[PDB]
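Here is the file structure.txt (compact mmCIF, N, CA, C and O atoms).
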# COMPACT_ATOMS: atom_id res chain seq x y z
N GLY J 1 32.09 26.59 -52.57
CA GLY J 1 33.40 27.21 -52.54
C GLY J 1 34.45 26.26 -53.04
O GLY J 1 34.14 25.16 -53.48
N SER J 2 35.72 26.67 -52.96
CA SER J 2 36.79 25.80 -53.41
C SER J 2 38.09 26.15 -52.72
O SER J 2 39.16 26.05 -53.32
N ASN J 3 38.02 26.58 -51.46
CA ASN J 3 39.24 26.87 -50.72
C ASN J 3 38.96 26.63 -49.24
O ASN J 3 38.19 27.38 -48.63
N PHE J 4 39.57 25.59 -48.66
CA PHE J 4 39.20 25.26 -47.29
C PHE J 4 39.74 26.26 -46.29
O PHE J 4 39.20 26.36 -45.18
N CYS J 5 40.80 27.01 -46.63
CA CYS J 5 41.24 28.06 -45.73
C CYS J 5 40.19 29.17 -45.64
O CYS J 5 39.80 29.58 -44.55
N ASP J 6 39.70 29.64 -46.79
CA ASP J 6 38.66 30.66 -46.78
C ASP J 6 37.43 30.18 -46.02
O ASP J 6 36.88 30.90 -45.18
N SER J 7 37.00 28.95 -46.30
CA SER J 7 35.77 28.44 -45.70
C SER J 7 35.94 28.20 -44.21
O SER J 7 35.11 28.63 -43.40
N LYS J 8 37.01 27.49 -43.82
CA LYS J 8 37.21 27.22 -42.40
C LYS J 8 37.42 28.51 -41.62
O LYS J 8 36.94 28.64 -40.49
N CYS J 9 38.16 29.47 -42.19
CA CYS J 9 38.43 30.69 -41.44
C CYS J 9 37.18 31.54 -41.28
O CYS J 9 37.03 32.24 -40.27
N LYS J 10 36.26 31.52 -42.26
CA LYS J 10 34.99 32.22 -42.06
C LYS J 10 34.25 31.65 -40.85
O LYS J 10 33.66 32.41 -40.07
N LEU J 11 34.29 30.33 -40.66
CA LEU J 11 33.66 29.73 -39.49
C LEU J 11 34.42 30.08 -38.22
O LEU J 11 33.83 30.46 -37.20
N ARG J 12 35.74 29.93 -38.26
CA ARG J 12 36.57 30.20 -37.08
C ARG J 12 36.39 31.62 -36.57
O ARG J 12 36.48 31.86 -35.36
N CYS J 13 36.13 32.57 -37.47
CA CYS J 13 36.09 33.98 -37.13
C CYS J 13 34.68 34.53 -37.02
O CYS J 13 34.50 35.75 -36.86
N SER J 14 33.66 33.66 -37.08
CA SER J 14 32.28 34.12 -37.18
C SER J 14 31.75 34.74 -35.90
O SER J 14 30.63 35.25 -35.90
N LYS J 15 32.51 34.69 -34.81
CA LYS J 15 32.09 35.34 -33.57
C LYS J 15 33.22 36.19 -33.00
O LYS J 15 33.31 36.39 -31.79
N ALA J 16 34.08 36.70 -33.88
CA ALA J 16 35.24 37.47 -33.46
C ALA J 16 34.88 38.94 -33.29
O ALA J 16 34.11 39.50 -34.07
N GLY J 17 35.46 39.56 -32.26
CA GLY J 17 35.27 40.98 -32.07
C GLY J 17 35.96 41.82 -33.13
O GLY J 17 35.45 42.88 -33.51
N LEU J 18 37.10 41.35 -33.63
CA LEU J 18 37.83 41.96 -34.74
C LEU J 18 37.82 40.96 -35.89
O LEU J 18 38.77 40.20 -36.10
N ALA J 19 36.71 40.95 -36.65
CA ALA J 19 36.50 39.90 -37.65
C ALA J 19 37.56 39.95 -38.74
O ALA J 19 38.11 38.92 -39.13
N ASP J 20 37.84 41.15 -39.27
CA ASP J 20 38.80 41.25 -40.37
C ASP J 20 40.20 40.84 -39.93
O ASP J 20 40.91 40.16 -40.68
N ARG J 21 40.61 41.23 -38.72
CA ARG J 21 41.91 40.79 -38.23
C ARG J 21 41.94 39.28 -38.04
O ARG J 21 42.94 38.63 -38.38
N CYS J 22 40.86 38.71 -37.51
CA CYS J 22 40.79 37.27 -37.35
C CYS J 22 40.90 36.58 -38.70
O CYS J 22 41.67 35.62 -38.86
N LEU J 23 40.15 37.06 -39.69
CA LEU J 23 40.17 36.42 -41.00
C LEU J 23 41.55 36.49 -41.62
O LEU J 23 41.98 35.55 -42.30
N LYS J 24 42.26 37.59 -41.40
CA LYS J 24 43.60 37.76 -41.95
C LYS J 24 44.57 36.76 -41.35
O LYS J 24 45.28 36.07 -42.08
N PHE J 25 44.59 36.69 -40.03
CA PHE J 25 45.54 35.84 -39.34
C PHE J 25 45.21 34.36 -39.46
O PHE J 25 46.08 33.48 -39.60
N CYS J 26 43.91 34.05 -39.40
CA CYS J 26 43.49 32.67 -39.66
C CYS J 26 43.93 32.28 -41.06
O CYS J 26 44.43 31.18 -41.28
N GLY J 27 43.75 33.19 -42.02
CA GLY J 27 44.18 32.92 -43.38
C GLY J 27 45.67 32.65 -43.48
O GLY J 27 46.10 31.67 -44.09
N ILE J 28 46.48 33.52 -42.87
CA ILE J 28 47.93 33.33 -42.88
C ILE J 28 48.30 31.99 -42.26
O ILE J 28 49.09 31.22 -42.82
N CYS J 29 47.72 31.68 -41.10
CA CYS J 29 48.06 30.44 -40.41
C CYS J 29 47.62 29.22 -41.21
O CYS J 29 48.33 28.21 -41.25
N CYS J 30 46.46 29.29 -41.85
CA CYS J 30 46.02 28.18 -42.68
C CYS J 30 46.91 28.02 -43.91
O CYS J 30 47.22 26.90 -44.33
N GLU J 31 47.34 29.14 -44.51
CA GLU J 31 48.30 29.03 -45.61
C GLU J 31 49.57 28.31 -45.17
O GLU J 31 50.15 27.52 -45.94
N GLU J 32 50.02 28.56 -43.94
CA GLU J 32 51.23 27.94 -43.43
C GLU J 32 50.99 26.51 -42.96
O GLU J 32 51.81 25.63 -43.20
N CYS J 33 49.86 26.27 -42.28
CA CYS J 33 49.63 25.04 -41.55
C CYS J 33 48.65 24.08 -42.20
O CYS J 33 48.62 22.90 -41.82
N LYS J 34 47.82 24.56 -43.13
CA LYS J 34 46.85 23.73 -43.85
C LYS J 34 45.88 23.04 -42.88
O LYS J 34 45.51 21.88 -43.06
N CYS J 35 45.45 23.78 -41.86
CA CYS J 35 44.60 23.26 -40.80
C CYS J 35 43.99 24.47 -40.10
O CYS J 35 44.66 25.49 -39.96
N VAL J 36 42.73 24.36 -39.71
CA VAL J 36 42.09 25.37 -38.87
C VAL J 36 41.30 24.65 -37.78
O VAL J 36 40.57 23.70 -38.09
N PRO J 37 41.43 25.04 -36.52
CA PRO J 37 40.67 24.37 -35.45
C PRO J 37 39.18 24.66 -35.59
O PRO J 37 38.77 25.73 -36.04
N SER J 38 38.38 23.68 -35.17
CA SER J 38 36.93 23.82 -35.19
C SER J 38 36.46 24.80 -34.12
O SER J 38 37.22 25.20 -33.22
N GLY J 39 35.18 25.19 -34.21
CA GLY J 39 34.66 26.15 -33.25
C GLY J 39 35.18 27.55 -33.53
O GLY J 39 35.86 27.81 -34.52
N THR J 40 34.86 28.46 -32.61
CA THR J 40 35.26 29.86 -32.75
C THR J 40 36.33 30.26 -31.74
O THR J 40 36.80 31.41 -31.77
N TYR J 41 36.72 29.36 -30.84
CA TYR J 41 37.87 29.57 -29.98
C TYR J 41 38.30 28.20 -29.46
O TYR J 41 37.54 27.23 -29.55
N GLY J 42 39.53 28.13 -28.95
CA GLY J 42 40.00 26.87 -28.43
C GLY J 42 40.15 25.80 -29.51
O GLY J 42 40.23 26.08 -30.71
N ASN J 43 40.17 24.55 -29.04
CA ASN J 43 40.32 23.36 -29.89
C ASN J 43 41.62 23.36 -30.69
O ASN J 43 41.72 22.70 -31.72
N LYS J 44 42.65 24.08 -30.23
CA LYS J 44 43.85 24.19 -31.04
C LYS J 44 44.68 22.91 -31.06
O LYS J 44 45.57 22.78 -31.90
N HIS J 45 44.39 21.95 -30.17
CA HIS J 45 45.06 20.65 -30.27
C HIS J 45 44.70 19.91 -31.55
O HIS J 45 45.38 18.94 -31.91
N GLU J 46 43.65 20.32 -32.26
CA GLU J 46 43.36 19.72 -33.56
C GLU J 46 44.41 20.06 -34.61
O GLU J 46 44.56 19.31 -35.58
N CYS J 47 45.14 21.16 -34.43
CA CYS J 47 46.07 21.69 -35.43
C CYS J 47 47.34 22.14 -34.73
O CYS J 47 47.50 23.32 -34.42
N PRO J 48 48.27 21.22 -34.45
CA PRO J 48 49.47 21.62 -33.70
C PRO J 48 50.26 22.75 -34.35
O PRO J 48 50.77 23.62 -33.64
N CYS J 49 50.36 22.77 -35.69
CA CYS J 49 51.05 23.88 -36.35
C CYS J 49 50.35 25.21 -36.05
O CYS J 49 50.98 26.19 -35.65
N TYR J 50 49.04 25.25 -36.27
CA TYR J 50 48.25 26.44 -35.98
C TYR J 50 48.37 26.84 -34.51
O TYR J 50 48.53 28.03 -34.18
N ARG J 51 48.29 25.86 -33.61
CA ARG J 51 48.37 26.11 -32.18
C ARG J 51 49.68 26.79 -31.79
O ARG J 51 49.69 27.70 -30.95
N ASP J 52 50.80 26.35 -32.38
CA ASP J 52 52.12 26.74 -31.90
C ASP J 52 52.73 27.92 -32.64
O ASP J 52 53.79 28.40 -32.23
N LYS J 53 52.10 28.40 -33.71
CA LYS J 53 52.69 29.48 -34.50
C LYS J 53 52.78 30.76 -33.67
O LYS J 53 51.80 31.16 -33.02
N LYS J 54 53.96 31.39 -33.68
CA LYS J 54 54.22 32.60 -32.92
C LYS J 54 54.54 33.76 -33.87
O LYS J 54 54.96 33.55 -35.01
N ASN J 55 54.32 34.98 -33.38
CA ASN J 55 54.81 36.17 -34.07
C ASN J 55 56.22 36.50 -33.57
O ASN J 55 56.83 35.73 -32.83
N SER J 56 56.75 37.67 -33.96
CA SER J 56 58.16 37.94 -33.69
C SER J 56 58.44 38.24 -32.22
O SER J 56 59.61 38.20 -31.81
N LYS J 57 57.42 38.56 -31.43
CA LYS J 57 57.59 38.79 -30.01
C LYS J 57 57.29 37.54 -29.19
O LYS J 57 57.18 37.62 -27.97
N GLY J 58 57.16 36.39 -29.85
CA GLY J 58 56.89 35.15 -29.16
C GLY J 58 55.47 34.99 -28.69
O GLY J 58 55.23 34.21 -27.76
N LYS J 59 54.52 35.70 -29.29
CA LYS J 59 53.11 35.63 -28.93
C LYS J 59 52.37 34.74 -29.92
O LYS J 59 52.68 34.74 -31.12
N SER J 60 51.37 34.00 -29.43
CA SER J 60 50.52 33.21 -30.31
C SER J 60 49.94 34.07 -31.42
O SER J 60 49.43 35.16 -31.17
N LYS J 61 50.03 33.57 -32.65
CA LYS J 61 49.65 34.33 -33.84
C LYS J 61 48.26 33.99 -34.38
O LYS J 61 47.63 34.85 -35.00
N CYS J 62 47.78 32.78 -34.14
CA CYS J 62 46.64 32.23 -34.87
C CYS J 62 45.40 32.22 -33.99
O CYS J 62 45.43 31.64 -32.90
N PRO J 63 44.28 32.83 -34.43
CA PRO J 63 43.09 32.94 -33.57
C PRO J 63 42.39 31.61 -33.36
O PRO J 63 42.07 31.25 -32.23
I'd like the structure from this file rewritten - as structure tokens, please.
Amino acid sequence: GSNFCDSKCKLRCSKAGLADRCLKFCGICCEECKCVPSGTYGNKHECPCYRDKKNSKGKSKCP
């Protein structure tokens, strides 16, 4: 491959109940933050931008 957002987000979302939604939001957050946490949940301290990104209602945005 040649895009770490696509590749990392496929891993991040590989056990998601809503895979397409996960891939979309992981993609958006990686475009903004240039970082994706390892594993399929948690580990968000690896990527403070990804960890802290909120939507318009103040809810965590990034899976």
>> So, with all atoms listed in the file as the atoms that count, which of J:59, J:10, J:45, J:51 lies closest to residue J:23?
In response: J:10
> Can you list, as a VMD selection string, every residue of chain J that DSSP puts in helix (DSSP H, G or I)?
Replying inline: chain J and resid 4 to 12 19 to 33 44 to 46 48 to 52
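You can rank J:43, J:55, J:49, J:63 by their closest distance to residue J:12 using only N, CA, C and O atoms, and at the top of that list sits J:63.
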> Got a sec: who's within 7 Å of stretch 34-40 of chain J, counting all atoms listed in the file, leaving out chain neighbours fewer than 5 positions off, as JSON, numbers by chain?
Replying inline: {"J": [4, 8, 9, 11, 12, 13, 14, 15, 16, 26, 28, 29, 45, 46, 47, 49, 50, 63]}
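Across the structure, atom O of residue J:52 and atom N of residue J:2 are spaced 27.6 Å apart.
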>> Ranking J:24, J:41, J:17, J:31 by minimum distance to residue J:3 and counting only C-alpha atoms, which one comes first?
In response: J:31
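The interatomic distance for the pair atom CA of residue J:27 and atom CA of residue J:54 works out to 14.5 Å.
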> Expressed in Å to a single decimal, how great is the separation between atom CA of residue J:42 and atom CA of residue J:25?
Replying inline: 15.2 Å
> J:30, J:20, J:62, J:44: which is nearest residue J:6, counting all atoms listed in the file?
Replying inline: J:30
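Using only C-alpha atoms, the nearest neighbour of residue J:5 within the list J:33, J:58, J:53, J:48 is J:33.
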